[PDB]
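# Working through the structure, step by step
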Amino acid sequence: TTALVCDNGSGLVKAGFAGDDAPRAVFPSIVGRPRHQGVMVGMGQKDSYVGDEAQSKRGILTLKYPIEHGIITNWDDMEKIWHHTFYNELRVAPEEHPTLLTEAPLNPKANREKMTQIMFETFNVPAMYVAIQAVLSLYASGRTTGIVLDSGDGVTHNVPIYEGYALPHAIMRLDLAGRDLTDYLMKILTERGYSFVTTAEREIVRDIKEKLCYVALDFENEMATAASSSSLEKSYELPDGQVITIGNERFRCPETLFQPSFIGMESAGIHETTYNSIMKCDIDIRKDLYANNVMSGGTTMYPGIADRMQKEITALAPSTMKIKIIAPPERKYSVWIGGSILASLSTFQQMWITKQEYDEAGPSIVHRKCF
Amino acid sequence: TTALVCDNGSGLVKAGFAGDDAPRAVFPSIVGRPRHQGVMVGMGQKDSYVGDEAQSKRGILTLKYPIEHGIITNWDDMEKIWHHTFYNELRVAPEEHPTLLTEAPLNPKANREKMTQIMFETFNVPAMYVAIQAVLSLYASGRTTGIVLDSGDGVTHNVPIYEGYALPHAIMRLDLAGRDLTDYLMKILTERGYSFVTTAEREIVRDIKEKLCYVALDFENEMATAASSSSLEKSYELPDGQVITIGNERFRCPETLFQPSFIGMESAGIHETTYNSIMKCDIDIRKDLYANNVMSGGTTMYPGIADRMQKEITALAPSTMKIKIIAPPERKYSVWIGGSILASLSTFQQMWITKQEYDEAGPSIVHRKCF
Amino acid sequence: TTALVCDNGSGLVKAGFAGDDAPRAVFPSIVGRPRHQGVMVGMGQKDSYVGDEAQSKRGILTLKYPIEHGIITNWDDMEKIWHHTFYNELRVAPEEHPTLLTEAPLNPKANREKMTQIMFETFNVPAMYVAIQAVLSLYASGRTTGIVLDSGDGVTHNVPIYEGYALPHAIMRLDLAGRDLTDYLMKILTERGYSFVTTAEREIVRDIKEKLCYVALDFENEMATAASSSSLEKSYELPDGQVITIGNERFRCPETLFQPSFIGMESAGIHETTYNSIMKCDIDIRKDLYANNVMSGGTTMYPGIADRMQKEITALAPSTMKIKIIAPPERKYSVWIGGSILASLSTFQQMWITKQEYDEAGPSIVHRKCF
Amino acid sequence: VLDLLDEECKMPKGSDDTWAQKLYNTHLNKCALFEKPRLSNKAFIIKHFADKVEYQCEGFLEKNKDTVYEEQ
Ligand SMILES: C/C1=C\[C@H](C)C[C@H](C)OC(=O)C[C@H](c2ccc(O)cc2)NC(=O)[C@@H](Cc2c(Br)[nH]c3ccccc23)N(C)C(=O)[C@H](C)NC(=O)[C@@H](C)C1
Ligand SMILES: C/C1=C\[C@H](C)C[C@H](C)OC(=O)C[C@H](c2ccc(O)cc2)NC(=O)[C@@H](Cc2c(Br)[nH]c3ccccc23)N(C)C(=O)[C@H](C)NC(=O)[C@@H](C)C1
Ligand SMILES: C/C1=C\[C@H](C)C[C@H](C)OC(=O)C[C@H](c2ccc(O)cc2)NC(=O)[C@@H](Cc2c(Br)[nH]c3ccccc23)N(C)C(=O)[C@H](C)NC(=O)[C@@H](C)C1
Ligand SMILES: Nc1ncnc2c1ncn2[C@@H]1O[C@H](COP(=O)(O)OP(=O)(O)O)[C@@H](O)[C@H]1O
Ligand SMILES: Nc1ncnc2c1ncn2[C@@H]1O[C@H](COP(=O)(O)OP(=O)(O)O)[C@@H](O)[C@H]1O
Ligand SMILES: Nc1ncnc2c1ncn2[C@@H]1O[C@H](COP(=O)(O)OP(=O)(O)O)[C@@H](O)[C@H]1O
Ligand SMILES: [Mg+2]
Ligand SMILES: [Mg+2]
Ligand SMILES: [Mg+2]
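Residues numbered from 1 in each chain as written, not as in the entry; some residues may be left out. Chains lettered and ligands numbered in written order. Part of a larger assembly, values for the part shown. Heavy atoms only, no water.

This entry lists cryo-EM as its structure determination method and reports a resolution of 3.2 Å.

Within chain D, the regular secondary structure consists of three helices and three strands. Principal axes of the C-alpha set define a box for chain D whose edges measure 45 × 25 × 20 Å. With 72 residues in all, chain D has 29% of them scored as buried. Restricting to contacts in chain D with at least 6 residues of sequence separation, those with at least 24 account for 26%. Of the accessible surface of chain D, which amounts to about 5300 Å², a share of 53% is contributed by carbon and sulfur atoms. (Helix = DSSP H or I, 4+ residues; strand = E, 2+ residues; numbered from the N terminus. Buried < 20%, exposed > 50% of the residue type's maximum accessible area, 1.4 Å probe, protein only. Contact = heavy atoms within 4.5 Å. Areas by Shrake-Rupley, 256 points an atom, 1.4 Å probe, with all protein chains shown as cover.)

In this assembly, 26 residues from chain B lie in contact with 22 residues from chain A. Here chain B packs against chain A, burying approximately 2200 Å² in sum over the two surfaces, 67% of which is carbon and sulfur. For chain B, the biggest contributors to the area lost against chain A are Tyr 165, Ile 283 and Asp 284 of chain B; these three give 31% of the whole. Ionic pairing is found between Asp 240 of chain A and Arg 286 of chain B, a salt bridge with its closest N-O pair at 3.0 Å. Our count for the contact surface shared by chain B and chain A stands at six residue pairs in polar contact. (Buried area = accessible area lost by both parts, 1.4 Å probe. Salt bridge = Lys/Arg side-chain N within 4 Å of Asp/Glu carboxyl O. Polar contact = N/O pair within 3.5 Å; in protein donor to acceptor, adjacent residues only side chain to side chain.)

To continue, consider the sheet that holds strand β1 (residues 4-7) of chain C. Residue and element names in this part refer to chain C. Overall, mixed pairing links the six strands, which are arranged β3-β2-β1-β9-β10-β18 in an open sheet. Edge positions in the sheet fall to β3 (25-27) and β18 (353-354), since each has one partner strand and no second. As paired elements, strand β9 (residues 99-103) and strand β10 (residues 127-132) share five bridges and run parallel to each other. Within the sheet, the bridge partner assigned to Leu 101 lies in β10 and is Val 130. (Pairing = 2+ DSSP bridges.)

Our focus in this paragraph is the domain arrangement of chain A. Domain assignment breaks chain A into domain 1 (1-27 + 69-134 + 334-367), domain 2 (28-68), domain 3 (135-181 + 271-333) and domain 4 (182-270). The centre of domain 1 of chain A, based on its C-alpha atoms, is set 35 Å off from the matching centre of domain 4 of chain A. (Domains from an automatic or database assignment.)

With that settled, consider unusual backbone geometry. The backbone of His 69 of chain A sits at a positive phi, close to 55 degrees, despite the residue not being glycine. Mapped onto the fold, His 69 of chain A is located in the loop between β7 (67-68) and β8 (71-72). The phi torsion at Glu 163 of chain C lies on the positive side, around 50 degrees, for a residue other than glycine. Residue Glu 163 of chain C is classed as exposed on the basis of its relative accessible area, which comes to 53%.

This next bit is on the site of ligand 1. Taken together, the neighbourhood of ligand 1 is formed by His 69, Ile 71, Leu 106, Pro 108, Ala 110, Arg 173 and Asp 175 of chain A together with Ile 283 of chain C. Near ligand 1, the surrounding residues are drawn from chains A and C. The residue makeup of the shell around ligand 1, split by class, is five nonpolar, one polar and two charged. (Near = heavy atom within 4 Å. Nonpolar A, V, L, I, M, F, W, Y, C, P; charged D, E, K, R; others polar.)

The protein chains that touch form five pairs of chains, and the pair with the most contacts between them is chains A and B. Spatially, chain C is disjoint from chain D: no contact exists, and the shortest C-alpha separation is 27 Å.

This part takes up the site of ligand 3. Residues in close proximity to ligand 3 total 17 residues, the closest being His 69 of chain B together with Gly 193, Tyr 194, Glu 201 and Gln 242 of chain C. Around ligand 3, the nearby residues trace back to chains B and C. At a separation of 2.8 Å, a nitrogen atom of ligand 3 approaches a polar backbone atom of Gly 193 of chain C. One of the backbone N or O atoms of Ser 195 of chain C is found 3.3 Å from an oxygen atom in ligand 3. Protein chains shield 66% of the accessible area of ligand 3, which is 860 Å² for the free molecule. Considered class by class, the residues forming the shell around ligand 3 number eight nonpolar, five polar and four charged.

Quick look at helix α6 (residues 199-212) of chain B now. Structural remark: α-helix, 3.6 residues per turn; residues separated by three or four positions point the same way. In this model α6 of chain B runs 20 Å from its N-terminal to its C-terminal C-alpha over 14 residues, within 8% of the 20 Å that 1.5 Å per residue would give. For α6 of chain B, the complete set of buried residues consists of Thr 199, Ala 200, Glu 203, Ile 204, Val 205, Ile 208, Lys 209 and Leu 212 of chain B. (Expected span 1.5 Å × (residues − 1).)

For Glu 191 of chain B, the location among the structural elements is in the loop between α5 (178-189) and α6. On a C-alpha basis, the gap between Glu 191 of chain B and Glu 249 of chain B in space is 9.2 Å, while along the polypeptide they are 58 residues apart.

This paragraph deals with the pattern of salt bridges. Residue and element names in this part refer to chain C. All chains considered together, the criterion is met by 59 salt bridges over all chains. The shortest N-O distance in the salt bridge between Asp 153 and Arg 179 comes to 2.7 Å. Of this pair, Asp 153 sits in the loop between β11 (145-151) and β12 (156-162) while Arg 179 is found in helix α5 (residues 178-189), placing the two residues 26 residues apart along the sequence. For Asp 153, a relative accessible area of 23% corresponds to the partly exposed category.

We now examine the interface of chain A and chain C. Each partner contributes to the interface: chain A provides twelve residues, whereas chain C provides seven residues. The junction of chain A with chain C conceals about 820 Å² of combined surface from both sides, 50% of it contributed by carbon and sulfur atoms. The three residues of chain A that bury the most area against chain C are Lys 187, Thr 190 and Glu 191 of chain A, which together make up 48% of that side's buried surface. In this assembly, chain A and chain C are joined by two salt bridges. Here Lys 109 of chain C makes a salt bridge to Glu 191 of chain A, at a shortest N to O gap of 3.2 Å.

A separate point is the relation of the copies chain A and chain C. Between chain A and chain C, which share one sequence, the superposing operator has a rotation angle of 167 degrees and an axial displacement of 28 Å; the RMSD is 0.1 Å. A low fraction, 8%, of the interface residues of chain A reappear at the interface in chain C, so the copies pair through non-equivalent surfaces. (Least-squares fit on C-alpha atoms.)

Any aromatic ring pair is given by two values, namely how distant the centres are and how the planes are angled relative to each other. By the definition in use, this model includes 27 aromatic pairs over all chains. Residues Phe 86 of chain A and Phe 123 of chain A carry aromatic rings whose centres are separated by 5.2 Å and whose planes lie at 85 degrees to one another, so their mutual orientation is edge-to-face. With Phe 86 of chain A in helix α2 (residues 75-90) and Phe 123 of chain A in the loop between α3 (109-122) and β10 (127-132), the pair connects residues that are 37 residues apart, well separated along the chain. Across this residue pair, the class does not change: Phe 86 of chain A and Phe 123 of chain A are buried. Ring centres of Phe 219 of chain B and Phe 262 of chain B lie 5.9 Å apart, and the angle between their planes is 50 degrees; on these two criteria the pair is classed as tilted. Linking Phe 219 of chain B in helix α7 (residues 219-228) with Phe 262 of chain B in the loop between α8 (249-255) and α9 (270-279), this pair joins segments that are 43 residues apart in sequence. (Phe/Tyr/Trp six-rings, centres within 6.5 Å; stacked < 30°, edge-to-face > 60°.)

Attention now goes to the pairing of strand β17 (residues 293-296) of chain B. Residue and element names in this part refer to chain B. The side-chain alternation of β17 yields two buried faces, one formed by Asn 293 and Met 295 and the other by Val 294 and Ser 296. Here strand β11 (residues 145-151) runs beside β17; their pairing, made up of four bridges, is parallel. Looking at β17, one finds that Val 148 is bridged to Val 294.

So, on to the nonpolar core. Residues and elements named next belong to chain B. Core analysis: the largest hydrophobic core is formed by 56 residues, its most contacted members being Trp 82, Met 119, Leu 342 and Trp 352. By residue number, the principal contributor to this core is strand β10 (residues 127-132), which donates six residues. One finds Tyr 165, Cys 213, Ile 285 and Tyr 302 within the second-largest nonpolar core, a separate group that totals 49 residues. (Core = buried A, V, L, I, M, F, W, Y, C linked by side-chain atoms within 4.5 Å.)

Residue and element names in this part refer to chain C. Looking at where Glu 203 falls in the secondary structure, it is placed in helix α6 (residues 199-212). Under the relative-accessibility criterion, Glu 203 is labelled buried at 5%. Spatially, the C-alpha atoms of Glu 203 and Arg 58 are 9.1 Å apart, while their sequence positions differ by 145 residues. Each residue touching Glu 203, except ones within four places of it in the same chain, is listed here: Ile 30, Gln 55, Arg 58, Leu 63 and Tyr 65.

This part covers the side chain of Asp 150 of chain B. All names here are of chain B. Within the element layout of this structure, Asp 150 appears in strand β11. Of the side chains bearing the opposite charge, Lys 14 lies closest to the buried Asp 150, which forms no salt bridge; the N-O distance is 8.0 Å. Of the polar contacts made by the side chain of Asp 150, one reaches the side chain of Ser 296; its length is 2.8 Å. (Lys, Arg positive; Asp, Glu negative; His and termini not counted.)

As a further point, take the sheet that holds strand β18 (residues 353-354) of chain B. Residues and elements named next belong to chain B. Taken in spatial order, the six strands of this open sheet run β3-β2-β1-β9-β10-β18, and their pairing is mixed. Both outer strands of the open sheet, β3 (25-28) and β18, are each paired with one neighbouring strand and no more. Across four bridges, the pairing between strand β1 (residues 4-7) and strand β2 (residues 12-17) is antiparallel. Its bridge partner being in β2, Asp 7 is matched across the sheet by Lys 14. Running over the sheet, helix α3 (residues 109-122) touches β9 (99-103), β10 and β18 and is turned about 150 degrees from β10. Together, β1, β2, β9 and β10 form the strand contacts of helix α12 (residues 334-344), whose direction differs from that of β1 by roughly 150 degrees. (Axes fitted to C-alpha atoms, helices over the stretch in contact; angles between N-to-C directions.)

Written as structure tokens, this is what we have:
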């Protein structure tokens with residue numbers, strides 16, 4: 001029986017069967033409740049919506065994301081999202097299939113404890129495992145050595161790996177995100193007179209960030225260019241058909257990843273945390289880490305982030321030492337593709353947690369077996 | 001047992017059984033008293049007349065409308081009109097049938113309290129409910145989304161609804177009316193030398209307004225056209241057989257809905273209150289509100305009001321966004337048809353106020369259950 | 001030469017000389033035009049009125065507020081109000097005195113650009129500056145640390161400050177207002193049968209809100225108390241001498257600040273946005289923010305809003321951590337008093353924008369110097 | 001079931017999905033004889049005298065409607 005492979009996050013849920021080429025169910029991970037008094041009688045009013053339904057109705061709804069910063073912060077909505085994922089959206093009963101689940105590193109242990117407890121008790125899944133996102137990115141990109149940089153909604157984290165061994169002391173985690181880029185985009189967009197207050201407006205801001213932002217290769221030169229000229233300035237059509245024009249801001253938004261001081265944090269940008277992570281590695285491997293940098297997750301999709309990263313690391317790194325950035329176009333899904341590859345492997349079949357082992361050891365077993 | 005469905009208003013009363021295709025009793029809602037000294041003996045003199053009787057005799061009578069601006073302003077005449085509705089004109093005893101009653105939104109609470117108290121105490125109706133006119137228009141027109149614009153005698157009001165949820169903050173109410181259009185028609189008619197002073201003359205003015213008025217597509221162009229030419233000018237026959245000729249005025253009368261400044265109010269016309277109501281709605285639904293505008297009640301019967309509304313909103317609304325006006329020919333009755341549909345539904349049978357719940361809670365229950 | 005200090009808002013204009021103890025000119029900020037046909041000859045009919053004149057005549061006039069939500073939304077009326085402020089009401093030529101101007105934070109940049117352009121070009125003011133309202137409240141209340149909550153007509157905003165540094169990422173803005181409380185007061189007052197439609201009626205509703213509203217310490221207990229008893233119910237005298245009686249509603253009106261869901265927004269109330277603003281601050285300062293909460297602007301004048309805020313924050317904040325609310329009686333003027341203090345300082349004299357610097361850099365200089 | 005199907009016939013923008021949702025709201029755990037198939041939302045199960053029977057919703061509202069216009 002093909003195991004399920006499910007990758008949760010803040011933002012999209014990605015789920016599918018192991019051995020598939022691409023995920024079968026992808027939908028934004030939202031639970032929505034109505035906030036208006038239902039006036040018509042016999043409508044069939046429904047308690048809450050999940051995924052694409054909550055997106056379509058969203059004008060009626062408060063949208064709440066049950067995972068912030070890779071931590072599940074209310075378990076009922078998350079359990080609703082899994083219920084929708086297995087029954088409604090994959091249409092496959094969990095009592096048949098092992099399941100593989102994905103988490104950001106250096107998370108609290110209770111998140112794994114509760115996630116396993118809900119899988120065994122509430123879905124009766126015959127076996128489960130929890131993988132690290134960064135490890136799976138290496139399977140997807142076809143390597144056994146490199147420093148992974150993976151940034152989605154919520155967590156951003158670097159994990160160096162060398163011939164299949166992690167280096168836990170060198171793992172770095174940061175809370176820059178698609179989400180904090182969105183909140184920055186709203187707060188800067190206010191400058192030109194446009195105010196996006198409600199959550200369903202935030203989804204519009206998110207769509208503006210996806211369609212129009214791009215990472216400036218050199219920041220101050222494009223600031224001067226945008227001050228001098230309209231040519232950089234581009235416009236977008238809100239759902240009601242009004243048009244808004246956004247200028248220098250569209251490059252200003254994704255740079256905060258490079259300069260967190262804009263949003264107000266002090267920890268250095270993803271380039272300097274990448275360099276500092278390499279530096280925490282022992283000196284012999286470092287050539288191979290510089291040779292491979294693997295980007296993952298949606299927040300690394302911006303046009304020109306690959307070249308800005310390569311340039312700014314090359315400026316940090318010793319001049320002889322060849323720096324290469326590996327940004328595959330598919331990289332938004334590569335954590336799922338890696339999970340699919342891993343779950344398909346025959347060697348892995350040894351390593352699932354089984355229901356009997358859970359009944360014997362209780363939900364703490366996950367720390368022992370999984371990582 | 002078939003529930004009664006009764007829709008009161010200033011102007012006509014509309015009543016009938018639920019599940020019928022059209023109302024069984026329709027008659028103008030007037031109470032009339034004689035104002036001349038009765039000379040004949042044994043005439044069969046009657047204390048007061050109701051409805052069609054008051055219309056036929058009207059030359060002898062003072063006519064008083066017991067509802068102005070959707071508020072019941074003397075309860076004795078209103079209770080007479082209900083007495084006439086149940087006993088004379090439907091010929092059905094109220095002790096058999098639930099009753100459904102209809103009100104304009106944002107009315108005083110006391111109007112519902114008194115109306116329920118009189119239904120339970122004075123007619124002993126086994127169950128009753130009070131619906132909003134605009135909501136019922138959506139049942140009648142076959143939709144669950146749209147912005148309703150409904151204008152009768154007395155109140156004009158917009159209520160936006162999106163998939164069966166109202167948007168209370170976006171509800172708009174205005175006191176332009178068939179009635180204030182009538183009083184304007186009298187005050188302008190004076191210009192050509194014709195003076196309609198008494199209430200029974202006002203009924204003639206009302207019949208002129210029904211037969212001959214039409215909404216000018218472009219106001220100043222038709223003003224110039226009527227100044228230039230007789231061709232626009234048309235004539236009518238008073239009950240005594242005299243003829244009167246009315247000119248540019250016949251289009252001048254219904255435009256005041258669009259420009260209340262003529263009667264002397266400042267609040268903008270029904271087009272701009274429709275736009276302002278949509279604008280008070282959150283940006284995601286607005287496409288569907290522009291896609292559906294539902295007209296209701298007699299004051300939207302004028303030839304060309306649909307096209308004048310569509311044009312003037314399209315001028316207000318963003319140019320790309322398809323504006324549609326839905327004016328069904330039946331729309332004078334659509335609040336009753338919607339009430340019939342609602343009362344027929346099986347789910348609704350849960351939702352009547354019952355006599356026991358009234359005896360327990362008192363007449364304040366209506367606020368709790370109905371809306 | 002004493003600089004002028006001028007504080008604009010939706011609602012009142014407050015202006016006076018720097019170093020004065022209290023503002024010399026205070027008047028509601030309205031521009032009014034007649035809407036009736038002037039019949040008398042030689043009346044001295046005037047194109048439009050400003051300030052107190054528009055208030056006295058108001059029954060004859062359309063009243064338009066040139067600032068909604070702290071944004072100047074037609075520049076001609078605003079320039080009239082400044083003309084009236086300098087020439088008619090202070091009687092001092094602007095060509096003698098530097099001027100200090102006040103704005104809500106996170107406003108559009110164009111509002112500052114146009115406001116400076118009009119000051120230099122149209123009044124020839126020798127120097128000008130633009131201050132933040134919340135910053136000035138700290139000068140007025142005598143502190144260099146605290147979280148300011150300032151709510152007038154139009155904008156409500158929190159700005160945390162710690163030893164003279166702002167924390168831009170923690171700034172919060174909300175569009176609850178004296179004005180939206182007024183529109184809610186009209187829409188709820190309709191319940192008891194009183195309908196205030198026109199702008200000059202809205203000014204009456206505003207005076208009812210000032211005289212009779214009060215913030216319920218516990219909402220549901222006073223709702224039950226007002227349902228049970230007349231004792232809470234109080235009455236007011238309209239200008240024509242009619243009396244109106246208002247009940248539970250008078251406390252119902254200012255609570256919407258705490259529960260925006262009443263007017264229809266979803267963003268939490270001023271207590272929870274205050275707490276969320278503190279939480280966006282770094283963990284070491286938070287004790288000092290809880291130690292100082294500074295209220296400002298007229299919308300914080302309601303009886304019991306200070307105690308309701310202190311209670312509900314104390315319920316939100318960790319139990320040990322001392323919560324204090326600082327509500328000075330003068331706080332309606334404290335943004336002006338703070339501007340007076342700032343403009344009086346000798347160090348500030350360095351910091352004006354000067355006319356030469358404007359001619360060199362153009363109106364964009366304000367972003368560079370002011371904030 | 002039949003009475004909700006008849007209500008859904010007349011109610012505007014009626015559908016087999018909103019009908020099924022009304023079934024689940026009205027009966028799903030109130031009546032031991034009515035059951036929902038776990039893996040689908042377009043079907044329901046009635047425990048009859050003889051046996052359980054899945055019924056698909058997809059036909060129901062299209063088939064249930066009659067109204068014959070008197071002029072025809
Ligand atoms: C006052 C403090 C802590 C807390 C409020 C004190 C409370 C008491 O701790 C908890 O137990 C609650 C909770 C929590 C949630 C789920 C769970 O199964 C266990 C704990 N964890 C949280 O709220 C985390 C979540 C988190 C962010 Br984002 N990234 C992270 C990376 C790794 C781990 C966790 C996180 N969180 C936001 C913080 O710590 C903040 C940054 N901490 C502080 O400002 C300092 C001054 C200490
Ligand atoms: C459809 C949208 C925007 C607009 C209608 C699109 C148009 C095209 O924007 C403009 O350029 C017009 C104008 C504007 C006015 C003056 C000016 O020098 C520049 C712009 N600004 C406005 O009408 C502001 C004013 C405002 C409120 Br209150 N608080 C705010 C906080 C910060 C900034 C500004 C404001 N306003 C009411 C809105 O944004 C509303 C809330 N926005 C929305 O619902 C979303 C869904 C986007
Ligand atoms: C002087 C004022 C009010 C009044 C004369 C003061 C008196 C004291 O109020 C009452 O209690 C009487 C009564 C009333 C009638 C029945 C009832 O169970 C309760 C009250 N209500 C009315 O006369 C309403 C009826 C109404 C019109 Br039409 N549309 C409306 C929309 C919503 C609600 C109600 C209405 N009415 C005509 C007004 O308000 C007028 C427009 N109001 C004003 O000009 C302002 C300046 C305030
Ligand atoms: N083409 C794009 N350009 C920029 N940002 C994107 C793009 N596509 C998605 N995003 C953003 O990336 C985040 C989603 O990342 P993703 O890795 O898909 O989430 P998850 O971690 O759940 O897999 C969201 O903030 C989304 O708005
Ligand atoms: N054909 C018509 N054209 C214009 N106005 C009409 C027409 N028929 C009726 N009216 C006016 O519309 C108002 C009646 O509206 P209606 O909705 O039927 O009343 P109610 O609110 O009691 O249902 C009256 O002012 C009547 O004069
Ligand atoms: N004592 C009071 N109680 C409640 N509201 C008040 C009081 N005084 C003034 N207001 C209201 O507060 C608003 C004025 O706030 P203010 O901050 O003075 O305006 P501005 O923003 O122009 O300074 C108006 O809505 C006014 O009606
Ligand atoms: Mg991811
Ligand atoms: Mg009607
Ligand atoms: Mg102010």
